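Colleague: First the structure, which I've put down as structure tokens, then a few questions once you've had a look.
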2 protein chains.
Amino acid sequence: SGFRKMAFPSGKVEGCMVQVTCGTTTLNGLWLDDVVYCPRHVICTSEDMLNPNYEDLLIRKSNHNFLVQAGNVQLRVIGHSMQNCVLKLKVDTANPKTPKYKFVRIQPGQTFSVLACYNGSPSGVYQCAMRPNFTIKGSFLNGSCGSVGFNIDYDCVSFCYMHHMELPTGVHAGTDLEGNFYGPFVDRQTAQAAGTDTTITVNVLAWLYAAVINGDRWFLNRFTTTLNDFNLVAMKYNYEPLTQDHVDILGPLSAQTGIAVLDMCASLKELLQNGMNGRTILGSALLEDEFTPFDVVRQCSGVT
Amino acid sequence: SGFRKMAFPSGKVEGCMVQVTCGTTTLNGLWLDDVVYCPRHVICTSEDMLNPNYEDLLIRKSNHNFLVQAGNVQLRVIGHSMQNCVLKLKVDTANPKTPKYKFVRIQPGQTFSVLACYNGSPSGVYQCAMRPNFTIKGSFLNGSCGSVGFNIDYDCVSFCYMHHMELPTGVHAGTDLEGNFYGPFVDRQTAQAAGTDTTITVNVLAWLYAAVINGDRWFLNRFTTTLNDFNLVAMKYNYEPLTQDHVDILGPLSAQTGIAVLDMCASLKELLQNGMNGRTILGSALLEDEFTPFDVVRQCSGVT
Ligand SMILES: O=C(Nc1cncc2ccccc12)[C@@H]1CCNc2ccc(Cl)cc21
Ligand SMILES: O=C(Nc1cncc2ccccc12)[C@@H]1CCNc2ccc(Cl)cc21
């Protein structure tokens with residue numbers, strides 16, 4: 001028992017981190033097979049970021065201007081291309097530590113682990129979620145660009161995020177490994193404000209199920225509700241609307257605890273309306289929404 | 001910016017995890033050089049746990065009764081010894097992935113990363129702290145025994161914890177890598193209740209400094225206090241007494257923000273007395289105490 005914000009073991013991804021320098025900009029790259037992936041803004045100076053024309057800027061760059069260093073050995077760059085907001089640097093050597101991998105574009109509400117890196121070296125690993133407003137609440141400093149987000153299924157690493165920027169609000173924006181930003185963000189030093197950060201209802205319910213499994217049962221009440229009644233309350237509290245798809249996905253947690261999904265919705269509805277009254281759930285004084293139903297089942301069953 | 005409960009990259013420790021089976025009990029072991037470390041309760045059946053005499057039980061075990069499997073290849077056991085509550089299994093092969101390492105015994109209030117494992121395979125990584133009552137609030141299921149806690153300083157892994165048991169309250173107890181339990185716990189299936197879980201004051205102040213650095217400044221007030229006045233309030237709220245050593249350790253955070261330590265104590269004192277009033281600090285509705293001053297400086301500077 002016990003419930004923690006757990007990240008995937010990062011070893012498979014640490015073996016892929018390299019440093020990419022172009023001129024005076026140094027950031028991280030991801031080395032898979034003979035290709036190094038990195039944010040295209042590695043070719044920019046801070047002055048270029050105001051209004052960069054990446055195609056024009058890239059014309060003044062050759063293979064030898066991209067310095068790729070893995071550990072402490074230099075990789076030879078034999079090709080470069082821009083795909084959306086990422087640069088793919090073809091190196092002459094395949095990464096011998098390349099794990100089995102996929103590039104996936106995740107949906108908001110989905111969680112992933114981030115291995116924060118600086119100068120191609122890992123500093124830490126943490127778990128976060130793609131927010132409904134397509135930002136992530138990460139922990140990134142200058143130089144962290146190119147750090148990646150991923151999930152692991154047994155031996156396959158599904159890369160889903162590459163870090164590109166921090167918005168003035170301290171939230172983070174980035175792309176999938178094809179270079180497409182999550183949300184409406186653009187890799188430019190301009191006024192970009194995040195939209196409403198709504199709460200991921202299905203995740204909060206999964207975490208309520210995790211609390212029941214781990215012994216925290218005080219919030220269970222004698223009520224039930226309907227999807228429509230629950231959603232009237234959820235909209236008022238800037239919670240995402242709950243769908244039958246979400247109820248279906250919560251099925252295994254409902255089966256394990258014997259608490260019907262709509263009964264858990266009524267419990268959540270009362271927690272929204274009455275607050276916690278100074279109490280905690282799984283050591284938290286707020287409703288946690290960065291654990292998916294899959295994460296709860298995984299953590300409570302011990303998938304390796 | 002952004003502040004997350006960050007764990008160390010786990011790769012160096014993943015390369016050390018093996019599976020140890022003795023009879024019908026399977027748990028995890030740590031393979032460093034030619035020695036595999038594991039909880040001595042691997043030699044027990046659940047019936048033995050009621051009142052085990054480990055010396056007597058170990059007499060009926062030979063080298064060939066300890067099955068050590070690294071990945072999917074069997075290691076040959078050429079010696080075994082009991083040191084306190086751990087077994088050291090001498091294997092004929094040194095772990096080729098052994099990182100630079102130390103065995104350290106940590107003090108309460110110190111934080112570390114745990115790589116939770118099942119059948120010698122990593123499932124996840126999370127950060128936690130040695131509580132003042134010598135328990136840890138982990139996330140461990142049956143089979144997780146032998147999972148380790150560690151810190152990394154550049155390339156050196158300081159192993160500090162080996163997981164042994166879960167108390168009836170859902171908190172966890174374990175040993176340092178010399179087999180000595182943290183706290184008064186014994187590896188026996190008996191009535192062991194944890195003591196008062198006090199809050200690590202120095203860590204809460206470090207996290208208040210992290211919040212100021214990351215923009216959350218609403219809790220800063222116009223007051224100051226003294227160590228004695230602050231400690232009168234801290235005792236009332238089951239917070240550890242703050243010492244001049246703690247003030248000294250908070251010095252770099254005080255310098256970075258320009259907020260004197262005793263002024264931050266007055267802010268904390270008001271937060272204890274008045275509560276949060278429905279507000280949050282670094283996305284939390286409670287005062288977080290599992291970040292040391294070293295962790296705050298590390299995360300805010302990007303040590304790799
Ligand atoms: O955001 C960026 N980098 C960072 C990323 N994460 C956390 C940071 C913390 C502190 C300083 C920088 C950080 C970069 C540089 C600033 N301007 C800018 C504009 C557009 C793009 Cl695509 C990238 C950037
Ligand atoms: O605590 C133990 N294991 C576990 C450890 N962590 C989380 C667990 C969750 C669920 C089931 C077991 C868990 C073991 C078995 C039970 N009794 C026992 C008594 C003494 C000692 Cl030293 C070990 C043990």
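Note on naming: chains are A, B, ... as they come in the structure tokens, residues start from 1 per chain, ligands start from 1 in the order shown.
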Write out as a compact mmCIF listing (two decimals) with N, CA, C and O atoms, in the first residue's frame which residues come within 10 Å of segment 226-243 of chain A when counting only C-alpha atoms, dropping same-chain ones fewer than 2 positions away.
Modeller:
```
# COMPACT_ATOMS: atom_id res chain seq x y z
N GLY A 109 -4.97 15.07 -20.45
CA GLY A 109 -5.38 14.15 -19.40
C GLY A 109 -4.45 12.96 -19.28
O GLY A 109 -4.46 12.27 -18.25
N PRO A 132 -5.51 19.94 -19.94
CA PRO A 132 -6.53 20.17 -20.97
C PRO A 132 -6.27 21.45 -21.80
O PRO A 132 -6.81 21.58 -22.90
N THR A 196 -7.84 28.01 -20.03
CA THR A 196 -8.29 27.54 -18.73
C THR A 196 -7.69 26.23 -18.36
O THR A 196 -7.86 25.26 -19.11
N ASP A 197 -7.05 26.17 -17.18
CA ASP A 197 -6.54 24.89 -16.73
C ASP A 197 -7.63 24.13 -16.00
O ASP A 197 -7.75 24.25 -14.79
N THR A 198 -8.43 23.37 -16.74
CA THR A 198 -9.49 22.58 -16.12
C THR A 198 -8.93 21.32 -15.45
O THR A 198 -7.85 20.86 -15.80
N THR A 199 -9.68 20.78 -14.48
CA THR A 199 -9.29 19.58 -13.76
C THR A 199 -9.74 18.33 -14.53
O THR A 199 -10.88 18.27 -15.01
N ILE A 200 -8.85 17.32 -14.64
CA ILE A 200 -9.13 16.06 -15.34
C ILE A 200 -9.93 15.14 -14.45
O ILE A 200 -9.38 14.36 -13.66
N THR A 201 -11.25 15.26 -14.55
CA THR A 201 -12.24 14.52 -13.75
C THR A 201 -12.00 13.04 -13.66
O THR A 201 -11.97 12.49 -12.55
N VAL A 202 -11.80 12.36 -14.81
CA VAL A 202 -11.56 10.91 -14.84
C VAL A 202 -10.35 10.54 -13.99
O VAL A 202 -10.37 9.53 -13.28
N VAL A 204 -9.13 12.37 -11.36
CA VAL A 204 -9.49 12.58 -9.95
C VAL A 204 -10.26 11.35 -9.43
O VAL A 204 -9.95 10.85 -8.35
N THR A 224 -25.49 8.72 -4.62
CA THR A 224 -25.22 8.44 -6.00
C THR A 224 -25.67 9.67 -6.81
O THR A 224 -26.17 10.66 -6.25
N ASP A 245 -17.35 6.96 -21.90
CA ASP A 245 -16.01 6.42 -22.15
C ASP A 245 -15.16 6.43 -20.88
O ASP A 245 -14.46 5.46 -20.60
N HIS A 246 -15.25 7.52 -20.09
CA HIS A 246 -14.52 7.67 -18.83
C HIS A 246 -15.03 6.66 -17.81
O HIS A 246 -14.21 6.03 -17.15
N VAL A 247 -16.36 6.49 -17.70
CA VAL A 247 -17.00 5.52 -16.82
C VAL A 247 -16.50 4.10 -17.17
O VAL A 247 -16.17 3.32 -16.27
N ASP A 248 -16.39 3.80 -18.47
CA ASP A 248 -15.93 2.50 -18.96
C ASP A 248 -14.50 2.28 -18.56
O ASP A 248 -14.16 1.22 -18.05
N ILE A 249 -13.66 3.30 -18.73
CA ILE A 249 -12.25 3.23 -18.38
C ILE A 249 -12.06 3.06 -16.86
O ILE A 249 -11.12 2.39 -16.43
N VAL A 261 -19.14 3.55 -10.35
CA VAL A 261 -18.53 4.81 -10.80
C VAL A 261 -19.39 6.01 -10.43
O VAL A 261 -18.86 7.01 -9.94
N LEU A 262 -20.70 5.91 -10.63
CA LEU A 262 -21.60 7.03 -10.30
C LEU A 262 -21.70 7.31 -8.80
O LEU A 262 -21.94 8.46 -8.40
N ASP A 263 -21.44 6.28 -7.96
CA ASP A 263 -21.40 6.51 -6.52
C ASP A 263 -20.14 7.31 -6.21
O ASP A 263 -20.19 8.24 -5.39
N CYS A 265 -18.67 9.37 -8.24
CA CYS A 265 -19.03 10.71 -8.73
C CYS A 265 -19.79 11.50 -7.68
O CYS A 265 -19.48 12.66 -7.47
N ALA A 266 -20.75 10.86 -6.96
CA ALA A 266 -21.48 11.55 -5.91
C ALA A 266 -20.55 11.94 -4.78
O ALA A 266 -20.70 13.03 -4.25
N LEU A 268 -17.32 12.62 -5.12
CA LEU A 268 -16.55 13.72 -5.68
C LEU A 268 -17.38 15.00 -5.67
O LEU A 268 -16.90 16.03 -5.24
N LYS A 269 -18.65 14.91 -6.05
CA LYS A 269 -19.59 16.04 -6.05
C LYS A 269 -19.67 16.68 -4.66
O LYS A 269 -19.59 17.90 -4.55
N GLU A 270 -19.73 15.86 -3.61
CA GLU A 270 -19.78 16.39 -2.24
C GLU A 270 -18.45 17.00 -1.84
O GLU A 270 -18.44 17.99 -1.11
N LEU A 272 -16.39 18.52 -3.90
CA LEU A 272 -16.35 19.79 -4.59
C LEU A 272 -17.18 20.83 -3.85
O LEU A 272 -16.69 21.92 -3.60
N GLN A 273 -18.42 20.47 -3.47
CA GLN A 273 -19.34 21.36 -2.79
C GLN A 273 -19.00 21.72 -1.36
O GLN A 273 -19.31 22.83 -0.91
```
Colleague: Counting only C-alpha atoms and all ligand atoms, give me one row per residue of chain B with an atom at most 10 Å from an atom of ligand 1, showing the shortest contact pair and its distance in Å to one decimal, sorted by chain then residue number, as CSV.
Modeller:
```
residue,atom,partner,partner_atom_place_in_ligand_line,distance
B:1,CA,ligand 1,9 (C),5.3
B:2,CA,ligand 1,7 (C),8.3
B:300,CA,ligand 1,9 (C),9.8
```
Colleague: Include N, CA, C and O atoms and write out the residues we just selected as a compact mmCIF listing (two decimals), in the first residue's frame.
Modeller:
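After the write, out_2.txt holds the following:
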```
# COMPACT_ATOMS: atom_id res chain seq x y z
N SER B 1 11.47 27.62 -14.32
CA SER B 1 10.64 27.62 -13.13
C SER B 1 9.70 26.38 -13.08
O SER B 1 9.81 25.49 -13.91
N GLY B 2 8.87 26.30 -12.05
CA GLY B 2 8.08 25.12 -11.79
C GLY B 2 8.83 24.31 -10.74
O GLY B 2 10.07 24.34 -10.69
N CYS B 300 16.46 24.17 -8.29
CA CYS B 300 16.46 25.53 -8.82
C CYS B 300 17.78 25.92 -9.53
O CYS B 300 17.80 26.95 -10.19
```
Colleague: Sorted by chain and rising residue number, which residues of chain B lie within 7 Å of ligand 2, and what are their closest atom pairs and distances in Å to one decimal, counting only C-alpha atoms and all ligand atoms, as a tab-separated table?
Modeller:
```
residue	atom	partner	partner_atom_place_in_ligand_line	distance
B:41	CA	ligand 2	22 (Cl)	6.1
B:46	CA	ligand 2	15 (C)	6.8
B:49	CA	ligand 2	19 (C)	5.7
B:140	CA	ligand 2	7 (C)	4.3
B:141	CA	ligand 2	9 (C)	3.7
B:142	CA	ligand 2	12 (C)	3.8
B:143	CA	ligand 2	4 (C)	6.7
B:144	CA	ligand 2	6 (N)	5.9
B:145	CA	ligand 2	5 (C)	5.6
B:164	CA	ligand 2	22 (Cl)	4.9
B:165	CA	ligand 2	1 (O)	3.3
B:166	CA	ligand 2	1 (O)	4.2
B:167	CA	ligand 2	1 (O)	6.7
B:172	CA	ligand 2	6 (N)	6.5
B:186	CA	ligand 2	22 (Cl)	6.6
B:187	CA	ligand 2	22 (Cl)	3.3
B:188	CA	ligand 2	20 (C)	4.2
B:189	CA	ligand 2	19 (C)	4.0
```
Colleague: May I have the selected residues written with N, CA, C and O atoms, as an mmCIF file, in the first residue's frame?
Modeller:
```
data_model
loop_
_atom_site.group_PDB
_atom_site.id
_atom_site.type_symbol
_atom_site.label_atom_id
_atom_site.label_comp_id
_atom_site.auth_asym_id
_atom_site.auth_seq_id
_atom_site.Cartn_x
_atom_site.Cartn_y
_atom_site.Cartn_z
ATOM 1 N N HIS B 41 14.780 -11.746 5.456
ATOM 2 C CA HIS B 41 13.501 -12.458 5.508
ATOM 3 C C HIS B 41 13.193 -13.226 4.214
ATOM 4 O O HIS B 41 12.182 -13.920 4.175
ATOM 5 N N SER B 46 5.767 -17.270 5.400
ATOM 6 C CA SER B 46 4.927 -16.315 6.157
ATOM 7 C C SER B 46 4.685 -16.757 7.607
ATOM 8 O O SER B 46 4.545 -15.912 8.493
ATOM 9 N N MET B 49 7.681 -15.742 9.851
ATOM 10 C CA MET B 49 7.656 -14.318 10.212
ATOM 11 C C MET B 49 7.055 -13.995 11.563
ATOM 12 O O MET B 49 7.361 -12.944 12.104
ATOM 13 N N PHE B 140 4.689 0.557 -1.942
ATOM 14 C CA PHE B 140 5.256 -0.770 -2.059
ATOM 15 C C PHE B 140 4.179 -1.813 -1.938
ATOM 16 O O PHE B 140 3.327 -1.697 -1.075
ATOM 17 N N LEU B 141 4.229 -2.836 -2.784
ATOM 18 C CA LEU B 141 3.307 -3.969 -2.748
ATOM 19 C C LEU B 141 4.095 -5.204 -2.309
ATOM 20 O O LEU B 141 5.294 -5.108 -2.059
ATOM 21 N N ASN B 142 3.442 -6.371 -2.190
ATOM 22 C CA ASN B 142 4.126 -7.619 -1.850
ATOM 23 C C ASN B 142 5.089 -7.943 -3.013
ATOM 24 O O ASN B 142 4.744 -7.720 -4.182
ATOM 25 N N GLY B 143 6.314 -8.323 -2.684
ATOM 26 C CA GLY B 143 7.331 -8.564 -3.706
ATOM 27 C C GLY B 143 8.303 -7.407 -3.886
ATOM 28 O O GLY B 143 9.358 -7.583 -4.515
ATOM 29 N N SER B 144 7.965 -6.210 -3.332
ATOM 30 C CA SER B 144 8.804 -5.006 -3.429
ATOM 31 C C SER B 144 9.980 -5.007 -2.490
ATOM 32 O O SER B 144 10.840 -4.140 -2.625
ATOM 33 N N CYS B 145 10.019 -5.930 -1.501
ATOM 34 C CA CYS B 145 11.116 -6.030 -0.552
ATOM 35 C C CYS B 145 12.451 -6.168 -1.265
ATOM 36 O O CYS B 145 12.522 -6.832 -2.287
ATOM 37 N N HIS B 164 12.087 -3.348 3.640
ATOM 38 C CA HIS B 164 11.823 -4.631 4.291
ATOM 39 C C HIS B 164 10.359 -4.868 4.588
ATOM 40 O O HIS B 164 9.909 -6.002 4.401
ATOM 41 N N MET B 165 9.631 -3.868 5.152
ATOM 42 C CA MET B 165 8.253 -4.180 5.531
ATOM 43 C C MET B 165 7.263 -3.038 5.556
ATOM 44 O O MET B 165 7.631 -1.875 5.528
ATOM 45 N N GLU B 166 5.988 -3.403 5.570
ATOM 46 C CA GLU B 166 4.929 -2.442 5.671
ATOM 47 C C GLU B 166 4.244 -2.662 7.017
ATOM 48 O O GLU B 166 3.878 -3.786 7.357
ATOM 49 N N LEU B 167 4.101 -1.602 7.789
ATOM 50 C CA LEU B 167 3.433 -1.671 9.087
ATOM 51 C C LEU B 167 1.910 -1.653 8.875
ATOM 52 O O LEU B 167 1.445 -1.142 7.858
ATOM 53 N N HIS B 172 6.060 2.468 5.768
ATOM 54 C CA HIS B 172 7.086 1.487 5.484
ATOM 55 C C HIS B 172 8.322 1.577 6.360
ATOM 56 O O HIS B 172 8.724 2.649 6.798
ATOM 57 N N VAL B 186 11.677 -4.164 13.802
ATOM 58 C CA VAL B 186 12.306 -5.463 13.720
ATOM 59 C C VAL B 186 11.631 -6.251 12.591
ATOM 60 O O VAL B 186 10.436 -6.053 12.341
ATOM 61 N N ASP B 187 12.387 -7.093 11.872
ATOM 62 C CA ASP B 187 11.816 -7.875 10.774
ATOM 63 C C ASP B 187 11.041 -9.088 11.290
ATOM 64 O O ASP B 187 11.453 -10.237 11.138
ATOM 65 N N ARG B 188 9.890 -8.796 11.898
ATOM 66 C CA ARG B 188 9.001 -9.759 12.502
ATOM 67 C C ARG B 188 7.559 -9.304 12.273
ATOM 68 O O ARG B 188 7.269 -8.106 12.292
ATOM 69 N N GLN B 189 6.664 -10.263 12.069
ATOM 70 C CA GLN B 189 5.232 -10.062 11.852
ATOM 71 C C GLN B 189 4.612 -9.904 13.215
ATOM 72 O O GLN B 189 3.997 -10.832 13.752
#
```
Colleague: Which residue is closest to chain B? Choose from A:250, A:130, A:13, A:6 and count only C-alpha atoms.
Modeller: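 Of A:250, A:130, A:13, A:6, the one nearest chain B is A:6, counting only C-alpha atoms.
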Colleague: Return as a VMD selection string the full set of residues in segment 25-273 of chain A whose backbone-based DSSP assignment is alpha helix (DSSP H).
Modeller: chain A and resid 54 to 59 201 to 213 227 to 236 244 to 249 251 to 257 261 to 273
Colleague: If we count only C-alpha atoms, which residues of chain B reach to within 7 Å of chain A? Please list them as a PDB file with N, CA, C and O atoms, in the first residue's frame.
Modeller:
```pdb
ATOM      1  N   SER B   1      11.471  27.624 -14.315  1.00  0.00           N
ATOM      2  CA  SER B   1      10.640  27.619 -13.129  1.00  0.00           C
ATOM      3  C   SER B   1       9.704  26.382 -13.080  1.00  0.00           C
ATOM      4  O   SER B   1       9.812  25.486 -13.910  1.00  0.00           O
ATOM      5  N   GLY B   2       8.872  26.299 -12.053  1.00  0.00           N
ATOM      6  CA  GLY B   2       8.080  25.115 -11.794  1.00  0.00           C
ATOM      7  C   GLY B   2       8.829  24.309 -10.745  1.00  0.00           C
ATOM      8  O   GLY B   2      10.072  24.337 -10.686  1.00  0.00           O
ATOM      9  N   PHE B   3       8.092  23.635  -9.872  1.00  0.00           N
ATOM     10  CA  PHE B   3       8.705  22.893  -8.780  1.00  0.00           C
ATOM     11  C   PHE B   3       7.999  21.597  -8.627  1.00  0.00           C
ATOM     12  O   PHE B   3       6.793  21.569  -8.403  1.00  0.00           O
ATOM     13  N   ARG B   4       8.736  20.515  -8.801  1.00  0.00           N
ATOM     14  CA  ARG B   4       8.198  19.173  -8.798  1.00  0.00           C
ATOM     15  C   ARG B   4       8.908  18.281  -7.829  1.00  0.00           C
ATOM     16  O   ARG B   4      10.102  18.436  -7.630  1.00  0.00           O
ATOM     17  N   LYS B   5       8.211  17.252  -7.321  1.00  0.00           N
ATOM     18  CA  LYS B   5       8.809  16.232  -6.479  1.00  0.00           C
ATOM     19  C   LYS B   5       9.595  15.377  -7.462  1.00  0.00           C
ATOM     20  O   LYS B   5       9.044  14.551  -8.177  1.00  0.00           O
ATOM     21  N   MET B   6      10.866  15.671  -7.556  1.00  0.00           N
ATOM     22  CA  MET B   6      11.740  15.095  -8.542  1.00  0.00           C
ATOM     23  C   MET B   6      12.587  14.011  -7.931  1.00  0.00           C
ATOM     24  O   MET B   6      13.117  14.178  -6.835  1.00  0.00           O
ATOM     25  N   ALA B   7      12.755  12.919  -8.648  1.00  0.00           N
ATOM     26  CA  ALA B   7      13.610  11.831  -8.212  1.00  0.00           C
ATOM     27  C   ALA B   7      14.902  11.856  -9.024  1.00  0.00           C
ATOM     28  O   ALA B   7      14.938  12.431 -10.102  1.00  0.00           O
ATOM     29  N   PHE B   8      15.962  11.227  -8.528  1.00  0.00           N
ATOM     30  CA  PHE B   8      17.203  11.107  -9.287  1.00  0.00           C
ATOM     31  C   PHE B   8      16.948  10.183 -10.470  1.00  0.00           C
ATOM     32  O   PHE B   8      16.158   9.239 -10.381  1.00  0.00           O
ATOM     33  N   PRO B   9      17.673  10.386 -11.580  1.00  0.00           N
ATOM     34  CA  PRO B   9      17.597   9.420 -12.695  1.00  0.00           C
ATOM     35  C   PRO B   9      17.964   8.021 -12.153  1.00  0.00           C
ATOM     36  O   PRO B   9      18.876   7.920 -11.336  1.00  0.00           O
ATOM     37  N   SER B  10      17.180   7.002 -12.475  1.00  0.00           N
ATOM     38  CA  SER B  10      17.345   5.691 -11.850  1.00  0.00           C
ATOM     39  C   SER B  10      18.218   4.695 -12.566  1.00  0.00           C
ATOM     40  O   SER B  10      18.422   3.615 -12.030  1.00  0.00           O
ATOM     41  N   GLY B  11      18.684   5.012 -13.762  1.00  0.00           N
ATOM     42  CA  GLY B  11      19.494   4.097 -14.570  1.00  0.00           C
ATOM     43  C   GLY B  11      20.609   3.342 -13.871  1.00  0.00           C
ATOM     44  O   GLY B  11      20.717   2.120 -14.014  1.00  0.00           O
ATOM     45  N   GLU B  14      19.000   0.792 -11.696  1.00  0.00           N
ATOM     46  CA  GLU B  14      18.308  -0.268 -12.459  1.00  0.00           C
ATOM     47  C   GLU B  14      19.288  -1.369 -12.874  1.00  0.00           C
ATOM     48  O   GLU B  14      18.932  -2.535 -12.851  1.00  0.00           O
ATOM     49  N   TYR B 118       9.879  -5.302  -8.564  1.00  0.00           N
ATOM     50  CA  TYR B 118       9.168  -6.568  -8.362  1.00  0.00           C
ATOM     51  C   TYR B 118       9.872  -7.587  -9.213  1.00  0.00           C
ATOM     52  O   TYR B 118      10.147  -7.291 -10.371  1.00  0.00           O
ATOM     53  N   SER B 121      12.789  -6.461 -11.357  1.00  0.00           N
ATOM     54  CA  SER B 121      12.492  -5.546 -12.447  1.00  0.00           C
ATOM     55  C   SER B 121      11.913  -4.233 -11.932  1.00  0.00           C
ATOM     56  O   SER B 121      11.010  -4.224 -11.089  1.00  0.00           O
ATOM     57  N   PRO B 122      12.435  -3.101 -12.426  1.00  0.00           N
ATOM     58  CA  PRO B 122      11.939  -1.806 -11.942  1.00  0.00           C
ATOM     59  C   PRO B 122      10.538  -1.484 -12.418  1.00  0.00           C
ATOM     60  O   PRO B 122      10.211  -1.678 -13.588  1.00  0.00           O
ATOM     61  N   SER B 123       9.699  -1.008 -11.505  1.00  0.00           N
ATOM     62  CA  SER B 123       8.337  -0.632 -11.849  1.00  0.00           C
ATOM     63  C   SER B 123       8.191   0.877 -11.876  1.00  0.00           C
ATOM     64  O   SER B 123       7.516   1.394 -12.756  1.00  0.00           O
ATOM     65  N   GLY B 124       8.857   1.581 -10.958  1.00  0.00           N
ATOM     66  CA  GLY B 124       8.772   3.031 -10.920  1.00  0.00           C
ATOM     67  C   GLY B 124       9.760   3.674  -9.980  1.00  0.00           C
ATOM     68  O   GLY B 124      10.415   2.994  -9.192  1.00  0.00           O
ATOM     69  N   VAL B 125       9.869   4.987 -10.059  1.00  0.00           N
ATOM     70  CA  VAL B 125      10.779   5.722  -9.222  1.00  0.00           C
ATOM     71  C   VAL B 125      10.060   6.904  -8.621  1.00  0.00           C
ATOM     72  O   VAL B 125       9.275   7.571  -9.297  1.00  0.00           O
ATOM     73  N   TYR B 126      10.270   7.135  -7.335  1.00  0.00           N
ATOM     74  CA  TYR B 126       9.650   8.271  -6.655  1.00  0.00           C
ATOM     75  C   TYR B 126      10.553   8.779  -5.553  1.00  0.00           C
ATOM     76  O   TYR B 126      11.454   8.078  -5.099  1.00  0.00           O
ATOM     77  N   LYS B 137       7.071   6.996   3.753  1.00  0.00           N
ATOM     78  CA  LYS B 137       5.748   6.919   3.164  1.00  0.00           C
ATOM     79  C   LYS B 137       6.010   6.520   1.738  1.00  0.00           C
ATOM     80  O   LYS B 137       6.117   7.378   0.874  1.00  0.00           O
ATOM     81  N   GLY B 138       6.175   5.223   1.506  1.00  0.00           N
ATOM     82  CA  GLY B 138       6.485   4.732   0.169  1.00  0.00           C
ATOM     83  C   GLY B 138       5.267   4.223  -0.566  1.00  0.00           C
ATOM     84  O   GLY B 138       4.128   4.522  -0.207  1.00  0.00           O
ATOM     85  N   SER B 139       5.514   3.499  -1.642  1.00  0.00           N
ATOM     86  CA  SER B 139       4.486   2.877  -2.436  1.00  0.00           C
ATOM     87  C   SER B 139       5.080   1.546  -2.728  1.00  0.00           C
ATOM     88  O   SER B 139       5.969   1.428  -3.584  1.00  0.00           O
ATOM     89  N   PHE B 140       4.689   0.557  -1.942  1.00  0.00           N
ATOM     90  CA  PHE B 140       5.256  -0.770  -2.059  1.00  0.00           C
ATOM     91  C   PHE B 140       4.179  -1.813  -1.938  1.00  0.00           C
ATOM     92  O   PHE B 140       3.327  -1.697  -1.075  1.00  0.00           O
ATOM     93  N   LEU B 141       4.229  -2.836  -2.784  1.00  0.00           N
ATOM     94  CA  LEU B 141       3.307  -3.969  -2.748  1.00  0.00           C
ATOM     95  C   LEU B 141       4.095  -5.204  -2.309  1.00  0.00           C
ATOM     96  O   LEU B 141       5.294  -5.108  -2.059  1.00  0.00           O
ATOM     97  N   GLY B 170       0.151   1.210   6.945  1.00  0.00           N
ATOM     98  CA  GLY B 170       0.447   1.512   5.545  1.00  0.00           C
ATOM     99  C   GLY B 170       1.713   2.317   5.313  1.00  0.00           C
ATOM    100  O   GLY B 170       1.930   2.843   4.212  1.00  0.00           O
ATOM    101  N   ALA B 285      -2.105  22.258  -1.396  1.00  0.00           N
ATOM    102  CA  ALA B 285      -2.947  22.854  -0.365  1.00  0.00           C
ATOM    103  C   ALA B 285      -2.441  22.578   1.070  1.00  0.00           C
ATOM    104  O   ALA B 285      -3.079  22.991   2.038  1.00  0.00           O
ATOM    105  N   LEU B 286      -1.319  21.886   1.211  1.00  0.00           N
ATOM    106  CA  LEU B 286      -0.687  21.674   2.501  1.00  0.00           C
ATOM    107  C   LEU B 286       0.803  22.055   2.444  1.00  0.00           C
ATOM    108  O   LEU B 286       1.338  22.312   1.360  1.00  0.00           O
ATOM    109  N   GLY B 302      19.849  23.238 -11.273  1.00  0.00           N
ATOM    110  CA  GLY B 302      19.995  22.244 -12.329  1.00  0.00           C
ATOM    111  C   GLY B 302      21.224  21.370 -12.239  1.00  0.00           C
ATOM    112  O   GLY B 302      21.897  21.145 -13.253  1.00  0.00           O
ATOM    113  N   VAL B 303      21.523  20.852 -11.035  1.00  0.00           N
ATOM    114  CA  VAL B 303      22.686  19.985 -10.859  1.00  0.00           C
ATOM    115  C   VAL B 303      22.431  18.656 -11.571  1.00  0.00           C
ATOM    116  O   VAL B 303      21.374  18.059 -11.383  1.00  0.00           O
ATOM    117  N   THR B 304      23.376  18.213 -12.417  1.00  0.00           N
ATOM    118  CA  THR B 304      23.231  16.966 -13.163  1.00  0.00           C
ATOM    119  C   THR B 304      24.220  15.905 -12.681  1.00  0.00           C
ATOM    120  O   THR B 304      24.164  14.758 -13.134  1.00  0.00           O
TER     121      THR B 304
END
```
Colleague: Pick from A:185, A:101, A:161, A:219: nearest to residue 38 of chain A, with only C-alpha atoms counted?
Modeller: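 Smallest distance to residue 38 of chain A is found for A:161.
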Colleague: Env of residue 102 of chain B: 9 Å cut, atoms = only C-alpha atoms, seq-sep filter 4 positions within chain, self excluded. Answer as a VMD selection string.
Modeller: chain B and resid 156 to 160
Colleague: Can you write just those residues out, C-alpha atoms, as a tab-separated table (two decimals), in the first residue's frame?
Modeller:
```tsv
chain	number	residue	atom	x	y	z
B	156	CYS	CA	28.36	8.22	-7.17
B	157	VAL	CA	25.24	6.42	-5.91
B	158	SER	CA	24.87	6.65	-2.11
B	159	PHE	CA	22.54	3.79	-1.18
B	160	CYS	CA	20.69	4.61	2.03
```
